[PDB]
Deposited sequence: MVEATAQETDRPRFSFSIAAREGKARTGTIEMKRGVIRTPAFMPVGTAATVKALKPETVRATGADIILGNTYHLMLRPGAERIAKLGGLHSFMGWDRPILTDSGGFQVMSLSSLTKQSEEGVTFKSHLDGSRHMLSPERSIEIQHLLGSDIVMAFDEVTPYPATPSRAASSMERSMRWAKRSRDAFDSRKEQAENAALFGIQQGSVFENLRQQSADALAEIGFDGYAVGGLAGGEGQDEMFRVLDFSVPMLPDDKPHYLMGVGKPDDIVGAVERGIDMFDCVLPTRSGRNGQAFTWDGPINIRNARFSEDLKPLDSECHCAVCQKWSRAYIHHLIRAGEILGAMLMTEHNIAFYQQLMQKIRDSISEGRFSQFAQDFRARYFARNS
């Protein structure tokens, strides 16, 4: 396999299905990436993550740089070796969690300094973020950008997008200057601009001029609501280069994924299925359920009637109800495995339906049942 190659096998409207080939493996798109925080997908061995159908996982740079430390992970042989996942890993830049979780935050054109949420002092910059992602041994490296809050005024969205594009060029140059990283990993840029079409366009043009292996739509899933998110995707995704993957960062709920694929998105991540699995929320084709509800206490059916996962093969709603109510670790294990398996089955249905030219019908059928 090559360092990076994205092939599109089939299309339907704006939707695409295909493959990303990388040295560590093939990624089927559209793809869902389970989130590994601190070098673990919560409550799952890597073999179980793979058994659910995942081709790639996401690792959080911020958490890793705090515990166990990026230099330490590099000394120990890299993130893949450390956690026992040998397939591709996409790392985020660390910037988002600096803003959402850290304490200091002195921001500047150079980057950000901050206090860990033991109050030790740390720094991130385009250069240091790219370096940390190298030390982790990331396969897909995210450019370091500045968070644009929602809502944002046009002036502030513009200023922040402009800074992010300067940081995208610095990220590109840092990545390219490190021969081992340039030859073995891929680099994605992040489109900014809040909800403003003109700023989204300027951002896409700047990122395409620099040139990346893939393009994320940043700044969404931050409070805006689905209608607004879809409205922004409607004009934003077509601005990105068609022949590279489009990654919607932090999305999301099953219905958000379906609509985003309808709008040209190829890659997804979110904590939702893992975090909400822990935590009683289980996804089903008839919509989510909360397994803690008393109505499930004697329900012998599996979490979902059709799901092919090992949890649905082997245990009842009644048992999982009991485990989650009792605070048992096995409850978190089982809920997380089922929810990430459900997400992968959703992605497989999306891929097959695009391949077969019946994705619009699938989306309609999916929604009719999920919201019945």
property: Sequence order list of spans that the model leaves without C-alpha positions, deposited numbering; result: 1-10, 128, 384-386
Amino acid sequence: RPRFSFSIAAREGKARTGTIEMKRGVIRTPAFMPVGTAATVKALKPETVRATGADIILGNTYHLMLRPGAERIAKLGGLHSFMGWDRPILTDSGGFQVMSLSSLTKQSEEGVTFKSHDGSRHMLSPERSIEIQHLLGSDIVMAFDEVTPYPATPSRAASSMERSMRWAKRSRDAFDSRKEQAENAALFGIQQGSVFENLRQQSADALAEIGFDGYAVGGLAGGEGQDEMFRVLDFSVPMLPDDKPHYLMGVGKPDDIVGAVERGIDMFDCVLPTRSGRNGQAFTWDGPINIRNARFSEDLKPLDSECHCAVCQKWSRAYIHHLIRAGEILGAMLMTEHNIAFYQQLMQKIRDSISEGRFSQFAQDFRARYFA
From here on, numbers count along this sequence of modelled residues.
query	finding
Mean C-alpha temperature factor, higher of 185-193 and 121-129	121-129
Mean C-alpha temperature factor, higher of 225-233 and 263-271	225-233
Criterion, highest CA B-factor; candidates, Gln202, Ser171, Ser155, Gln281	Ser155
From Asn293, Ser93, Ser177, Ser138, residue of greatest CA B-factor	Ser177
Record-listed C-alpha B factor of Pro88: chain third	lowest
Record-listed C-alpha B factor of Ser305: chain third	highest
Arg67 CA temperature factor, ranked by third within the chain	highest
Assigned third (lowest, middle, highest) for the C-alpha B factor of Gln364	highest
Among modelled residues of the same chain, the CA temperature factor third for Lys23	middle
